[PDB]
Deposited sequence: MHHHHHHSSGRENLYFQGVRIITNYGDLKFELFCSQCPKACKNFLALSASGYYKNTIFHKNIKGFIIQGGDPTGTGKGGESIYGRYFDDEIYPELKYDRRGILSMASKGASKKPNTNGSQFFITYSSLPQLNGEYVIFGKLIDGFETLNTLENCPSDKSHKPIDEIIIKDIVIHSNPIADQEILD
């Protein structure tokens, strides 16, 4: 399945790994469908590393899953941070099975993250958009100066 993250800087299209990560994918889809991510921000943007959002509070401390506060990890060797635009759940290995609503998108291969967070999709379109996002200025605390806003996350058809 494909989803489209609609931002104030353009659209990001992701392929979801339904077969491998059904729990993470179902969470992401059900939260998206219920409008849980509408008018939220990416609160952390680190060039060459990751961009993180999916907190309704926008502080980096909030958000929950459809299963409760946390849900279990779907972590596999076959899914790796081996390319730009990987879609993952925020949480690490120190505190396992602590996935909520927050997610991040990678800016490059990041082998140090392998086994640490649930990967459940990858960017398949809107690479220009991701480039734009990477170049958006942030402050000392990695918070974008001008807000990067998720308008909606929709299931892509056609």
Where the deposited sequence has no C-alpha coordinates (positions from 1, in order): 1-16, 108-109, 177-185
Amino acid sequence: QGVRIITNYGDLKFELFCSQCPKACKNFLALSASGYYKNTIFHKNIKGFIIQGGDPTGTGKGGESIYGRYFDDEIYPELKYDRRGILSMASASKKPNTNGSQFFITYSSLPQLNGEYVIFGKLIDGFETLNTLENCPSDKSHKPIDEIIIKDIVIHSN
From here on, numbers count along this sequence of modelled residues.
Segment of higher mean CA temperature factor, 92-100 or 27-35: 92-100
Which of 126-134 and 112-120 has higher mean CA B factor, as the PDB entry lists it: 126-134
Assigned third (lowest, middle, highest) for the C-alpha B factor of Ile150: middle
